[PDB]
Amino acid sequence: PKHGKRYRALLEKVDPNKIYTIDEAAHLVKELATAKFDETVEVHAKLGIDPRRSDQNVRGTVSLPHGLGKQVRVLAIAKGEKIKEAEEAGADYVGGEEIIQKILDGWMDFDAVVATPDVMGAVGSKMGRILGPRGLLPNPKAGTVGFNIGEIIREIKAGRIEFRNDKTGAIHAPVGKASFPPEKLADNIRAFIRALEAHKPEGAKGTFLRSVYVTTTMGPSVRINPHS
RNA sequence: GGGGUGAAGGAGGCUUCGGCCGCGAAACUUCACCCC
Ligand SMILES: [K+]
Ligand SMILES: [Mg+2]
């Protein structure tokens, strides 16, 4: 059998022919999350873009109102007073160009890296081959480079997410935990969607949000009307 | 229905209760792009 009984029971709960409203979906997610941990709620969308064109890629960040209920270890590389600013914002580890070494040597305990523009020359050359493969290399497009380092760190710690379409034109993002109250999930889902529409490429043709779905880490999906 | 590839989620998944699979890119699940 392709699925286990846990999952098969979940199938009973969803109507593949129904296009749910965000709120309907938000209430149903608690029931589609039966794995043995607090699953993450996800949103997926097929976009009306040509992923082959640089000017039609959809990429950006969005601060979810109620976060992801998750822990995120932030590493910040800064210069001068921004070192203080980064520590006072809560960065788990704050350093100067001298920390690139620790990582170069072994240190790999962090989930995100941010940097000020004035250390990017070093970060780029000395770390692109480590962080880059992992998609952790600081970059303006990922909102992880800036002189407003404290602000970036605060946003990330508070649950800001990144989104970038894949090469097939589909895009995906975590938007909360299945333990979230429905109302809060609805708020997060809507924020992600507005963020998405805010990134529709100027040249994209046809319907932007061709299809949108909500699901959980281990359960089935529910199609939704993004504008509900 | 059987599968591949991508991205995302993910620390657990399945079970005939013996164990099998995963915590490596890799289980499992989701949307896509494809093969049959
Ligand atoms: K999933
Ligand atoms: Mg993968």
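Letters go in sequence order (proteins before strands), and every chain restarts at 1.
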**Message:** Let's go through A:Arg190 and A:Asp23 carefully: what are the C-alpha distance in whole Å and the side-chain angles of both, what is the deciding distance for salt bridge (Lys or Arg N to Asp or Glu O under 4.0 Å) to 0.1 Å, and is it a yes or a no?
**Reply:** CA-CA 10 Å; A:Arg190 292 205 177 75; A:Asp23 292 320; 3.1 Å; yes
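- With rounding to whole Å, A:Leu68 atom CG is found 8 Å from B:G10 atom P.
- Between the P atoms of B:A8 and B:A27, the separation comes to 15 Å (whole Å).
- The phosphate of B:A32 has OP1 or OP2 within less than 4.0 Å of a side-chain N or O from A:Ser211.
- Once rounded to the nearest 0.5 Å, the distance linking CG of A:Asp109 with NZ of A:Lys102 reads 10.0 Å.
- Remark: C1' of B:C23 and NZ of A:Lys36 are 15 Å apart, rounded to the nearest angstrom.
- Here A:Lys79 contributes atom NZ and A:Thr116 contributes atom OG1; the two are 8.0 Å apart, rounded to the nearest 0.5 Å.
- Nucleotides B:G18 and B:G3 are separated by 28 Å at their P atoms, to the nearest Å.
- Rounded to whole Å, the separation between the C1' atoms of B:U15 and B:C21 comes to 11 Å.
- Rounded to whole Å, the distance from NZ on A:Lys2 to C1' on B:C28 is 11 Å.
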**Prompt:** Yes or no on salt bridge (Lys or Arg N to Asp or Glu O under 4.0 Å) for A:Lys157 and A:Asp92, after CA distance, side-chain angles and deciding distance?
**Reply:** CA-CA 10 Å; A:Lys157 283 297 201 179; A:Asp92 301 79; 2.6 Å; yes
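- Taking atom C1' in both B:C33 and B:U16, the straight-line distance is 37 Å, to the nearest Å.
- One finds a side-chain N or O of A:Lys70 lying less than 4.0 angstrom from the OP1 or OP2 phosphate oxygen of B:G10.
- An OP1 or OP2 oxygen of B:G10 is reached within less than 4.0 angstrom by a side-chain nitrogen or oxygen of A:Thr40.
- In this structure, A:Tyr93 has its ring center no closer than 6.0 Å to that of A:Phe110.
- Nucleotides B:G9 and B:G24, compared at atom P, are 15 Å apart to the nearest Å.
- Out of B:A8, B:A32, B:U29, the shortest distance to the side chain of A:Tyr7 is found at B:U29.
- Across all strands shown, B:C28 is found opposite B:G9 as a Watson-Crick or G-U wobble partner, with both distances under 3.5 Å.
- Between B:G12 and B:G1, the distance separating the two P atoms is 29 Å to the nearest Å.
- Close to B:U29, at under 4.0 Å from its OP1 or OP2, lies a side-chain N or O of A:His3.
- For B:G13, the OP1/OP2 oxygens have no side-chain nitrogen or oxygen of A:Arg6 closer than 4.0 Å.
- The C1'-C2'-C3'-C4' dihedral of B:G24 is negative. Its furanose therefore counts as south.
- Counting atom types as modelled, A:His44 pairs no side-chain N or O with a base atom of B:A8 as donor and acceptor under 3.5 Å.
- Checked against a 6.0 Å centroid threshold, the rings of A:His199 and A:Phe163 count as neighbours.
- At whole-Å resolution of the value, CD in A:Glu42 and P in B:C31 are 10 Å apart.
- Separating the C1' atom of B:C17 from that of B:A7 is a span of 36 Å, rounded to the nearest Å.
- Within the 4.0 angstrom heavy-atom criterion, no nucleotide atom of any strand lies near A:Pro1.
- Proximity of A:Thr168 to the phosphate of B:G6: no side-chain N or O atom is located under 4.0 Å from OP1 or OP2.
- Of the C1' atoms belonging to B:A11 and B:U5, the separation is 24 Å, rounded to the nearest Å.
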